[PDB]
């Protein structure tokens, strides 16, 4: 686990960044796949949270991988890394033309077939309703096609890098998906499956009839993006370009810029109701123009088609989480020459969207300062009438935990750091006055919640608890005196510490540029978080930083029943049998041969929470980038033991 860093006092943050970078990129350390150089979620294979296995990759991991290289080009002058990272991204996790057969046959007038969402995975499969539900129209597909062609340029969120689930050939990286069955389907309650459904595994209809009840089942493909990843990657590229140009080396990142610009254009897909219903209907009323645009980054965009015969479909998402907005990337694509969308309406839509996202944060701000969860255009995933007294935002209903309830999607403090960091960069780069109260109130809240100890350790919020509702949005902040946040636990999460530090350093830089004076406390607090994360969680064997964490939830490895429809039967590529009564581990049998299996099994037997050490890719990167932000805006500042 963690030991104390030997680092000499006086070591520049730039040098700390370079040491960490060097460790993250060392092949002997194993943060990236040896064959293709894809970033794993973590060095360790046994880990369960959003992804349920360590050597999957995510679009998130990739966005962080770009960010890491943008910072490295900044501090060093070597830009090849940004090109590498984007190349890896487009080879593997962006579905190319070959992997989207029949997208050409997509129809903006019939985007998809409606299907309900349910409060429990026991209601699935959900029945497609070709019959009695008219969907709305897709007002964006036409100009995207006109500029880019038929294909989609987004990241599929989840890839099985070394085919550990076995769905693909030999050791080849394979698109997989998991969450498919509503708000109560945790990481423990899913059935992983191939995105490219060839029926080769699963049951008679591969996995299709687990999730969607159709009239007939055809071999198909399906992808799902997580927009916050694309947002982060583009955000990163804005900085690579700024820092590259400052050095006279902008040509080294120009082609990545163009791609980032394209990616930003496709993110307009995330701006729409799941089934293009009107925003604010509280009913299944289809939409014609941008009446279905909420103009936020919704939880996902999903699209797919047939493998056999050519047909195609697309969905947005009706649910919006504040943690997924990126008003910074929004602002980049709306205003910055180099990131100008090729589409004819992209710039306009973005201009609407980035502003709309900034209002979203303000609406969601609790009386204390933390940002509440978000909103939906579809109550209970079935466009039901909003309950009485439901406060709204442009017609959408306030929801405390958008998308997932196990755990509540706004319990994690991490979204505060992650999403408000983006606002800081936005304020830094625009000096936009309308954002100042939001930012200051959030900073005050966070400053009151960071605990520093005289022994050089730290603690930060981990779990958050929400009550009440914001006042209905009028275009102006009320103070929401009845929307409350409480911190219910604290910890030492390294990635969040880094990101929080980043946010405070960025903010402090912004006070220096736009205000009467530098915010000295924010700057020093950012340095405190970086010093204490590095000092206390240093990896003695050279892998960067390392966590030590109690995982009570890992009992669910063994206790959690995964729902399988009664009478449904199928097999995982390894023989594991999918049938009613299965536990998480039952369809994930190869886990028993994982180096850390015994430790979590024997911990289960004794009725105790196992204690794990993790080197997650993003934890190391958020920390390293925080160091780079200090090096960038406060170049005289210098590490010391805390």
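Positions refer to the first chain, counted from 1.
Higher-B stretch (mean Cα B-factor, as the entry records it), 247 to 255 or 551 to 559: Stretch with the greater average CA B-factor: 551 to 559.
Selected stretch [higher average CA B-factor]: 169 to 177 or 496 to 504: Between 496 to 504 and 169 to 177, it is 169 to 177 that shows the higher mean C-alpha B-factor.
Top Cα B factor in the deposited entry, candidates 414, 544, 374, 308: Going by the entry's C-alpha B-factors, 308 comes out highest.
Maximum C-alpha temperature factor, selected from 52, 69, 60, 608: Across 52, 69, 60, 608, the entry lists the biggest C-alpha B-factor for 608.
Residue 388, C-alpha B-factor rank within chain (lowest, middle or highest third): As the PDB entry reports it, the C-alpha B-factor of residue 388 lands in the highest third of its chain.
Chain thirds of CA B-factor: placement of residue 65: Ranked within chain, residue 65 CA B lands in the lowest tercile.
Chain-wide C-alpha B factor ranking for residue 198, given as lowest, middle or highest third: According to the entry, residue 198 has a C-alpha B-factor in the chain's highest third.
Cα B factor band for residue 491 (lowest, middle or highest third within the chain): Its C-alpha B-factor, which the entry lists for residue 491, ranks in the lowest third among residues of this chain.
Third assignment of residue 304 from its chain's C-alpha B-factors: Highest third, going by the recorded CA B-factors of the chain.
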